[PDB]
There are 2 protein chains.
Amino acid sequence: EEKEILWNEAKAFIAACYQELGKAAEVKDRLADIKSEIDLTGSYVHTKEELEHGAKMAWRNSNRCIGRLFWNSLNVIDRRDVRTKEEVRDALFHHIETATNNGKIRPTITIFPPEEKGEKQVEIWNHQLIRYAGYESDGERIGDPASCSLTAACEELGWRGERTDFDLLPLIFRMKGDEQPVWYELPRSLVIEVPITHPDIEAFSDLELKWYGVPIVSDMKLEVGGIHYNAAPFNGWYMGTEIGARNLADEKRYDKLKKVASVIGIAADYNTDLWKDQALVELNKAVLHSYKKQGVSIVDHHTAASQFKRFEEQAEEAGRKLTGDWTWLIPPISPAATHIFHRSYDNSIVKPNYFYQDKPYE
Amino acid sequence: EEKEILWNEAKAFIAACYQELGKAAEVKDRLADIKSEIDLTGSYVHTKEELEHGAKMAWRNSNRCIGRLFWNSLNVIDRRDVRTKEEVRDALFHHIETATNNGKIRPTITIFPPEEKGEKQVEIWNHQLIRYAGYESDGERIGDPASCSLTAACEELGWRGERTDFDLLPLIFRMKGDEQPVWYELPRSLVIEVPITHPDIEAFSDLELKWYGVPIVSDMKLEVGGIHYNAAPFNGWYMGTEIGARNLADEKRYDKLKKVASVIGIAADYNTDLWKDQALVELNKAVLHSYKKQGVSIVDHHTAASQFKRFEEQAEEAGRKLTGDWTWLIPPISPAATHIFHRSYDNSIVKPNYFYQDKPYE
Ligand code: HEM
Ligand code: HEM
Ligand SMILES: CNCc1cccc(OCc2ccc3ccc(N)nc3c2)c1
Ligand SMILES: CNCc1cccc(OCc2ccc3ccc(N)nc3c2)c1
Ligand SMILES: C[C@H](O)[C@H](O)[C@H]1CNc2nc(N)[nH]c(=O)c2N1
Ligand SMILES: C[C@H](O)[C@H](O)[C@H]1CNc2nc(N)[nH]c(=O)c2N1
Ligand SMILES: [Cl-]
Ligand SMILES: [Cl-]
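Basis of the calculations
- Residues numbered from 1 in each chain as written, not as in the entry; some residues may be left out.
- Chains lettered and ligands numbered in written order.
- Heavy atoms only, no water.
- Pairing = 2+ DSSP bridges.
- Helix = DSSP H or I, 4+ residues; strand = E, 2+ residues; numbered from the N terminus.
- Contact = heavy atoms within 4.5 Å.
- Axes fitted to C-alpha atoms, helices over the stretch in contact; angles between N-to-C directions.
- Donors = N, O, S within 2.8 Å, 3.2 Å for Na, K, Ca; no water.
- Expected span 1.5 Å × (residues − 1).
- Buried < 20%, exposed > 50% of the residue type's maximum accessible area, 1.4 Å probe, protein only.
- UniProt positions renumbered as here; feature names shortened; annotations may be inferred.
- Least-squares fit on C-alpha atoms.
- Salt bridge = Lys/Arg side-chain N within 4 Å of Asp/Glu carboxyl O.
- Near = heavy atom within 4 Å.
- Polar contact = N/O pair within 3.5 Å; in protein donor to acceptor, adjacent residues only side chain to side chain.
- Nonpolar A, V, L, I, M, F, W, Y, C, P; charged D, E, K, R; others polar.
- Domains from an automatic or database assignment.
- Buried area = accessible area lost by both parts, 1.4 Å probe.

As deposited, the entry is annotated with X-ray crystallography as its determination method and 1.981 Å as its resolution.

See the structure below:
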C-alpha cells in the first residue's frame, strides 16, 4: 500500500524540483515515468540532477541550520553505485579528503544507496566521520563523554583506543546481510587537527587543547521525494561556538572552563565575577584564532548570523516561506547580539530534509 | 452571560487556593457565598487572604520568569480602597519606597481596584514606575528609544524632559471618568540610581552610565479567579544581564557596546575578535560590581539559574506541574552554561497569572 506515500512525496518533490530548475514542462513526462516505475517496481530512482537538487533543498529546509545561505553550492557526490565495504570505506575516505581540501573546506555530501524495503544497504554507526573516543571506567573520565557508547561498541568489535583525550574513533558501518559492522582506522594523513592557542595569552597552550578540522555528520537520513537515504554523510565548516562554547565547554563534554580561567589568570570562585563568561569568550577567541592561523575554514557566530540574515532576505525575494528553529539558530555565546534572537521563526518541517534515526548501538 | 466565565475561573481558583492554604474544608461554603454573590451582583470580592495567595500563585505561574523560587515571599499591598488620583499617586510613591527598602529590595506588588464591567478604575500608562525618557527628533537620538512613544505622550500633556540620556519619566495614569491621565514628577529622593563603574578598569566611568535600582513593572494585568486587576504594579530585583546585556547593549536601546570596547581598550573592527562578546562580559561585570558596591540588590544569571533549578525541584516535590518559556528563561549571556539551556519546558498558560494589555498611548 505504501506506494501511495511514495507517490505523493514524489509528485510534490518533482514538481517543486523541476520548477526550480526551469524545467517545469518536463514534469508531466517525468512524473508519468515515475508513476509507471513505482507500480512496476515499488520504488523509483532519482536522476543525478534530481538527487543533487534534492540534497540542496534538504539543506535549505534544515530549520536548525544557521549556515543555509550557501545551500546551492553544496558539492553532491553520488555514490549509489557502491556494493562493497571496501568501496564504502574508500568513499568515506575520499569525502574526508575532498571536503577538507587542505583546509579550505568544501561543503560536501556523499550519497550512498537508499533504503529499499525500509532495508538499509549501508548503515553508518559514526555520529561524525571524524570524532574523539570517550571512556568512563571506575572514576576515570577520558576523552569525549558524548562518545562513550560508540567507543564501547567499537571496543566490543576488537578495536582498542590509546585512551588519550583525543583518540580518533575508527570508521564503523554495517553492510546489508552482514550481522556485524566492520571498522577501519582513519589514516592520520587525512585528518586535519588544530591545536588551540590564544592570540594574546601564551599560557593558553598549556591546556593542550585541539579539535578536528571538519565536522562530517554521518548518522542522519536524507529524505528526497519519498526516497530514504539513511547513509549520506555531509559537512560544512564549523561555527567557532560549536567547539569553544559546547564541545570544549559543556560539563558533560570536555568541561574546560575552570582550566581556561586558571590559564587566563582570573579567579573561578564567585558567580558575580562572571568567570565562566569571561572564560567562554577567551576560549572562543582562541578557537577562531587557531583555525584561522592554520588556514582551516571556520566562521564566527556574528558573521554566520549576518549570512543567515541574507538567507532570510533571499528566501523572501524568491517567494519561499522561511522556516527555522529559534532555539537552535541562536548561538550559545551572546545570542542577543544577533538579529536571530530578536525575531521568531516558523518551525514547520518541509521536505526534502535531514532527519534523526535510531542508533544501532545503544 | 459572562457570569459563567467568572464562575468557572472562581471555582478553579478557590479550590486550588484553599487547598494550598490547608483550608480545603472551607471551600464549599466560600464557593456558596461566591456563587450567590455573582448571581446577585455580577462580580465577587476577594478576601485579603485569597488576593495575597492569588498574586503569589500568579508569580509562580509566570513561564517567562527565572526568579520564581521566591514566589511565596511576595509582599502584597492591598490598595483596592483607593478612590482618588492623590491616593493612587501616594500608593505608587509608597510602593517605590517600600520595595526599594534602602537598597535591600523587597519583591512587592501593590494591588489597585479591579475592572468592574471590563471598565478600568485606574489605568497606569507607565511600563515601569521608574524608567528613562526617550527622544528622536531630526537625526538626534537621546535617552531610551523604548520610551519614545510614552515620552511623546507625556510631552503632549504638558510635561517636558530635560533631554539628558536619563530623564526620569513622570508617573502617568488615568482615573475612571477622567478623559485624560494626570502626571506627577517623581521625587528624586525616592529613586535610587547606580553609577556603573568597573572593578578593574578605572576608565569605565568615562562612559557615565547609570541605571535605576528597582524595575517595577506597571503595565501588566494580574488575573485571579476571573477577577481582572489591570493595575497592579510589581517588582523583584534585577538580574544583571537585563541591564548589561539588553538595556545598555541592544542596538535599539542604549547601544553602548562600541563605547565599552573603546574604554576597555580592545579594537571593535573584526567579528572574529569577538569584541562584542568581550564588551558584553566586561559591561555585565561592571553592572554587578556597581549594584553590589552601592548595596542595591541584584542577582547574576548563574546564581539566578541555580535558584530556578531549586524552583523546579520544589515544584516536583509539591506535585505541581512546572511550566516555562525556554526562550525567555535562558539568559542572553552564556545561556549554555546554565542548566536551563539543556532542558525543555512546557509553555502552557496556568492561571492565576500576569498578562499583557494594550497600551493606551500608541
Ligand atoms: C557551511 C557551513 C555550515 C555551518 C557554519 C553550519 C552551522 C550549523 C550549526 C552551528 C548547527 C547547529 C549544530 C548544533 O547546535 O549542534 C547546524 C545544524 C545543522 N546543519 Fe548546518 N552548517 C553548515 C553547513 C551545513 C550543511 C552542508 C548541511 C547539510 C547538507 C547542514 C545541515 C545542518 C543540519 C541538518 C543541522 C541540524 C542537525 C540536528 O538537528 O542535530 N549544515 N549547522
Ligand atoms: C525577585 C527577583 C526577580 C528576578 C531576578 C526576576 C527575573 C526575571 C527576568 C530576568 C525576566 C525576563 C524579563 C525580560 O527578559 O524582559 C522576568 C520576567 C518576568 N517576571 Fe520575574 N523576576 C523577579 C521577580 C518577579 C516578581 C516579583 C514577579 C511578579 C510578582 C515577576 C513576574 C515576572 C513576569 C510576569 C515576567 C514576564 C514579563 C513579560 O512577559 O514580559 N518576577 N523575571
Ligand atoms: C549529538 N547532538 C545531536 C545531533 C544528532 C545528529 C546530528 C547532529 O548534527 C549537528 C550538526 C549537523 C550539521 C552541521 C553542519 C555544519 C556544522 N558546522 N555543524 C553541524 C552540526 C546533532
Ligand atoms: C518591553 N518588554 C516587553 C514587556 C512588556 C510588559 C512587561 C514586561 O516585563 C518584563 C519583566 C517583568 C517582571 C520583572 C521582574 C523582575 C525583573 N528583574 N525583571 C522583570 C522584567 C516586558
Ligand atoms: C519573540 C522573540 O523570540 C524575541 O527574541 C523574544 C524572546 N526572547 C527574549 N528573551 C528575553 N529575556 N527578553 C526578550 O525581550 C526576548 N524577546
Ligand atoms: C532540547 C533543549 O532545548 C536543548 O537545549 C537543545 C536546544 N538548544 C540547542 N542549541 C544548540 N545549538 N545545540 C544543542 O544541542 C541544543 N539543545
Ligand atoms: Cl561538533
Ligand atoms: Cl528593565
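Colleague: What am I meant to see in the sheet that holds strand β10 (residues 216–217) of chain B here?
Modeller: In any sheet, the strands associate via hydrogen bonds between backbone groups, in a parallel or an antiparallel arrangement. All names here are of chain B. Strand order in the open sheet made by the four strands is β1-β2-β13-β10, with mixed pairing throughout. Edge positions in the open sheet fall to β1 (75–78) and β10, since each of these has one partner strand only. Sheet topology places β1 next to strand β2 (residues 108–111); four bridges connect them, and they run parallel. Paired with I77 across the bridge in β2 is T110. Contacting β1 and β2, helix α3 (residues 48–60) crosses the sheet at an angle of about 135° to β1. Strands in contact with helix α4 (residues 85–100) are β1, β2, β10 and β13 (234–235); relative to β2, the strand with the most contacts, it is inclined by about 165°.

Colleague: Which parts of the structure should I look at to understand the coordination of the iron atom of ligand 1?
Modeller: Put simply, the ideal angle at a metal is 109.5 degrees for four donors in tetrahedral geometry and 90 or 180 degrees for six donors in octahedral geometry. Coordination of the iron atom of ligand 1 by the protein comes from a single atom, A:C65 (SG), at 2.5 Å. Summarising the element assignment, A:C65 is placed in the loop between α3 (48–60) and β1 (75–78).

Colleague: Is there a simple way to think about the sheet that holds strand β16 (residues 353–355) of chain B in this case?
Modeller: Residue and element names in this part refer to chain B. Reading across the sheet, the three strands line up as β12-β11-β16 and stay open at both edges, with antiparallel pairing between neighbours. Every other strand in the sheet has two partners, leaving β12 (227–229) and β16 as the edge strands with one partner each. Looking at each pair of strands side by side, their axes are set apart by 30° on average, direction ignored. Inspection of the sheet shows strand β11 (residues 221–224) paired to β12 by three bridges, in the antiparallel sense. Within the sheet, the bridge partner assigned to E223 lies in β12 and is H228. Its contacts with the sheet put α3 on β11, β12 and β16, and the angle it makes with β11 is roughly 115°.

Colleague: Sorry, what's going on with α3(B) here?
Modeller: Structural remark: α-helix, 3.6 residues per turn; residues separated by three or four positions point the same way. All names here are of chain B. Over its 13 residues, α3 runs 18 Å from end to end, which matches the ideal 18 Å to within 8%, given 1.5 Å per residue. In terms of residue burial, α3 counts as a mostly covered element, since ten of its 13 residues are buried. Residues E50, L51, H53, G54, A55, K56, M57, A58, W59 and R60 constitute the buried set of α3.

Colleague: Hey, could you run me through the UniProt feature "binding site: heme" in chain A in this one?
Modeller: Here the UniProt-annotated "binding site: heme" positions come out as A:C65. With residues near it in sequence (within four places) discarded, A:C65 still touches A:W59, A:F308 and A:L329.

Colleague: Explanation requested: the relation of the copies chain A and chain B in the structure shown.
Modeller: Superposition of the two copies of the chain requires a rotation about an axis together with a shift along that axis. Each copy superposes on the other: chain A lies on chain B with an RMSD of 0.0 Å after a rotation of 180° and an axial shift of 0.0 Å. Here the copies are linked by what is in effect a two-fold axis. When the interface residues of chain A are mapped onto chain B, 100% of them are again interface residues, pointing to one common binding face.

Colleague: So what exactly am I meant to see when it comes to the pattern of salt bridges here?
Modeller: Side chains carrying opposite charge are able to pair once their charged atoms draw close together. Residue and element names in this part refer to chain A. Applying the stated criterion across every chain yields a total of 52 salt bridges over all chains. Taking the shortest distance from any N to any O, the salt bridge between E50 and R30 comes out at 2.8 Å. Here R30 lies in helix α2 (residues 27–41) and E50 lies in helix α3, a separation of 20 residues in the sequence. Grouping residues by exposure puts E50 and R30 together as buried. One salt bridge in this structure joins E193 and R188, with 2.8 Å as the shortest N-O distance.

Colleague: Honestly, the site of ligand 6 in this entry has me stumped. Any pointers?
Modeller: Close to ligand 6 lie A:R246, A:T327, A:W328, B:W326, B:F341, B:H342 and B:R343, which account for all nearby residues. Of the chains in the model, those with residues near ligand 6 are chains A and B. One of the side-chain nitrogen or oxygen atoms of A:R246 is found 3.2 Å away from a nitrogen atom of ligand 6. At a separation of 3.2 Å, a nitrogen atom of ligand 6 approaches a polar backbone atom of A:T327.

Colleague: Can you walk me through the site of ligand 2 in this structure?
Modeller: All names here are of chain B. Near ligand 2, the surroundings consist of 16 residues, among which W59, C65, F234, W237 and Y356 are the closest. At a separation of 3.3 Å, a nitrogen atom of ligand 2 approaches a polar side-chain atom of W59. At 2.8 Å from an oxygen atom of ligand 2 is found a side-chain nitrogen or oxygen belonging to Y356. For the shell around ligand 2, the per-class residue count stands at eleven nonpolar, three polar and two charged. Both of domain 1 (1–80 + 107–117 + 221–235 + 305–329) and domain 3 (193–215 + 238–303) provide at least three residues apiece to the shell around ligand 2.

Colleague: Sorry, what's going on with the interface of chain A and chain B here?
Modeller: Interface size is often expressed as the accessible area that is lost when the parts come together. Between chain A and chain B, the contact holds 30 residues from the first and 30 residues from the second. In terms of surface lost to chain B, no three residues of chain A exceed A:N271, A:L274 and A:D277, which account for 19% of the buried area on that side. Summed over the shared surface of chain A and chain B, the number is zero salt bridges. The tally of links from chain A across to chain B stands at ten residue pairs in polar contact.

Colleague: What is the right way to look at the side chain of B:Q278 in this model?
Modeller: One can find B:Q278 in helix α8 (residues 275–294). If near-sequence neighbours (up to four positions away) are discounted, B:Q278 is found in contact with A:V281, A:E282, A:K285, B:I264, B:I266 and B:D273.

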